């Protein structure tokens, strides 16, 4: 995905606010100034939180993008992230995201914050082997079996969902920080073998048997 003609920023990036961000990243004078693919290749980091962004259309032309933080905007469609192979840190928290299949092949992702969206299906996360830090709180997640081979996870927040079954966590032995609060969990035997947990929150579930926590030594 490249542009081949020098093109106004506002034409590539139609969202008012997102175009301003690109303009500022490239130190251009106006969103109507023309930019080249070469210039777009230079962009490796975009931070535009709290900015009323409605669309990231145009972002597909930023192949070297590594860090993208877009917390608290109005983003609903992220399909244009699909081929950004070099993304490492993605924060899309507080948006209106539902479908995340666009994340499916982002093999370099290591830090992902998707909290406070409308996500239900997370099977697109299943092959993101480099994830160590994942925040999925305040969504509508019920099935978490996509997490089961993400064994580089060390920090996981699954609070405020509709999760009932957590056997998917049983072999995530590198977990040290886990938030499971405000779900529908009843059985935590899956946590038995997470010997490196220091911080755990299980409040507001339907758990009665807590003997699995007795032998977790590094807990606070």
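Residue numbers count along the first chain shown, from 1.
*Per the PDB record, is the mean Cα temperature factor higher over 85-93 or over 134-142?*
The deposited B-factors put 134-142 ahead on the C-alpha mean.
*Stretch with the higher entry mean CA B-factor, where the candidates are 66-74 and 169-177*: It is 169-177 that shows the higher mean C-alpha B-factor.
_Selection by C-alpha B-factor (highest) of 159, 32, 49, 189_ = Highest CA B-factor of the listed options: 189.
*Determine which member of 38, 155, 152, 60 has the highest CA B-factor, using the values in the deposited entry.*
Comparing C-alpha B-factors across 38, 155, 152, 60, the top value belongs to 38.
*Compare the C-alpha B factor of residue 196 with those of the other modelled residues in its chain, then answer lowest, middle or highest third.*
Tercile = highest for this residue's CA B-factor.
*Can you tell me which third, lowest, middle or highest, the CA B-factor of residue 42 falls into for its chain?*
For residue 42, whose C-alpha B-factor we compare with every modelled residue in the chain, the answer is the middle third.
_Among the modelled residues of this chain, does the Cα B factor of residue 105 put it in the lowest, middle or highest third?_
For residue 105, whose C-alpha B-factor we compare with every modelled residue in the chain, the answer is the middle third.
*Divide the modelled residues of the chain into thirds by Cα B-factor and specify which third, lowest, middle or highest, holds residue 20.*
Ranked within chain, residue 20 CA B lands in the lowest tercile.
*Tell me, lowest, middle or highest third: where does the Cα B factor of residue 185 rank within its chain?*
Its C-alpha B-factor belongs to the highest third of this chain's values.
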